[PDB]
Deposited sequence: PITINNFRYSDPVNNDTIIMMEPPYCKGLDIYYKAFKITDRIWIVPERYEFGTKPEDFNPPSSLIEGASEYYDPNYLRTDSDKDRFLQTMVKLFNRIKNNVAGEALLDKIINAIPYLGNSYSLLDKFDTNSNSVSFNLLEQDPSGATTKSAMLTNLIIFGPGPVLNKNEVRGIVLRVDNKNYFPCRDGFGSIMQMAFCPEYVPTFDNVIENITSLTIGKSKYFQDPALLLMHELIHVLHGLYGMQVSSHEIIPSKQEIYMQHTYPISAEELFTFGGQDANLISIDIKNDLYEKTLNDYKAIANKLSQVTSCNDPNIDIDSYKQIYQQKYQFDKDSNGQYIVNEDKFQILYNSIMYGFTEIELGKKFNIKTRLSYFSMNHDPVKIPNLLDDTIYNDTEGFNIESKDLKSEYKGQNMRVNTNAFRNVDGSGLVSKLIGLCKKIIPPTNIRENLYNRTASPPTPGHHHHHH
């Protein structure tokens, strides 16, 4: 099954589960941060998401739903707290059969080694869109620089402590933004996440389970890895959000768009089948190109031509498409998790609330979260109720 490594923020680097990585956007800049492999293909970096920000952004400019605090995640203590909370959360997601399924799908959706603008016959790992640099420590004593591939890298929140988000690596090709996670190739996905500040709802009020907030963002991660991240298809919200929530809100996206998206992804995949059909080599010699042809064939659910050409099989594609866009949603995951969800995606999300002690097994555990049955809090989701589980949360301001 899936293993969720353990580690204290003080643990030394080991070139395996604990390293010093230069995040994808800091490529060539030689700026490293300690990171942790929570599990295969997924890393955690206890640092605020600063990319594309300026310190002026990192505090409440004068001019609740937009809470700030520039000191959050700045000391080693905060970081080890952040690190531990994330581990419990992943373990919480892994211990439910439906959570294990999601992580499994995300771990295997490795980004294709290339994109719409890379040599068609060659697998390419030389791109921050697919690989990040790290600092290794030779057995000799020397400290060298190398690189590895990954699917997901999770950070702490950006300026807005309560605004979780998932962005794919943007490549600047021919003076314009290109998204390998919308072309079907997939790319490293990055997450800005804050486990502590959860939203509340009423459509008696409830506060949300942070673990569900994580799976929600993970679903965006899933769409990305398969390269089908619905762009800023605003309509006035992006279809990407609706698909992720689920239930009837998903049907707010017109057949016309859904069909246009489906047809577009299909084209993207036919193109990738063709491309994969010419890869004969790879810049990086430490790569079994034949092993990847196999992995990628399972990823996109392709078949081999009488002559060997990889081809898209409509039926298999449709099953995979439904799986990627419908198989995992906040409504169904909330359902399969004994977790309360807000009525509709458009349901108000009142002032966030802070959960100070998710590390306290008496408040939140990795098998029932807040709804601990032994505290008769499983029933009616009372563990999430604000009038009942009064001690598990504190107000913002």
**Prompt:** Got a list of the deposited-sequence ranges with no coordinates?
**Reply:** 64 to 67, 208 to 219, 252 to 264, 427 to 468
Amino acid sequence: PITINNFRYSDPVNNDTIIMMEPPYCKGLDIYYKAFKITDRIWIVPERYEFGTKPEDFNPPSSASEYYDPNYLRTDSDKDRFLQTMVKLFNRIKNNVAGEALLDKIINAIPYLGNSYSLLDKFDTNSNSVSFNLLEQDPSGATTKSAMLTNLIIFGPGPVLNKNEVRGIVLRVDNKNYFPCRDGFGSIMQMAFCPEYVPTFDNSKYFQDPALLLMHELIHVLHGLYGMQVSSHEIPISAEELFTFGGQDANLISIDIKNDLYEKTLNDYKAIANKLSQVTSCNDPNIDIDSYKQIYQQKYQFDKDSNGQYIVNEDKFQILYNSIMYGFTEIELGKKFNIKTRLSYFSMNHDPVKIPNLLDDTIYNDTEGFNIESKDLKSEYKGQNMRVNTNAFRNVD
From here on, numbers count along this sequence of modelled residues.
**Request:** Averaging the C-alpha B factors as listed in the entry, name the stretch that ends up higher: 281 to 289 or 260 to 268.
**Result:** 281 to 289
**Message:** When the Cα temperature factors in the entry are averaged, is it 340 to 348 or 53 to 61 that ends up higher?
**Reply:** 53 to 61
**Largest Cα B-factor, entry values, listed residues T244, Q190, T150, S232** = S232
**Prompt:** Can you tell me which of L89, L113, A142, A101 has the highest Cα temperature factor in the record?
**Reply:** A142
**Request:** Using the B-factors in the PDB entry, rank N371's C-alpha atom against the chain and give the third, lowest, middle or highest.
**Result:** middle
**Prompt:** For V160, does the deposited CA B-factor place it in the lowest, middle or highest third of the chain?
**Reply:** highest
**Message:** By the recorded C-alpha temperature factor, relative to the other modelled residues in its chain, which third is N95 in?
**Reply:** lowest
**Item:** Chain thirds of CA B-factor: placement of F328
**Value:** lowest
**Message:** Quick check on the deposited entry: does the C-alpha B-factor of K105 sit in the lowest, middle or highest third of its chain?
**Reply:** lowest
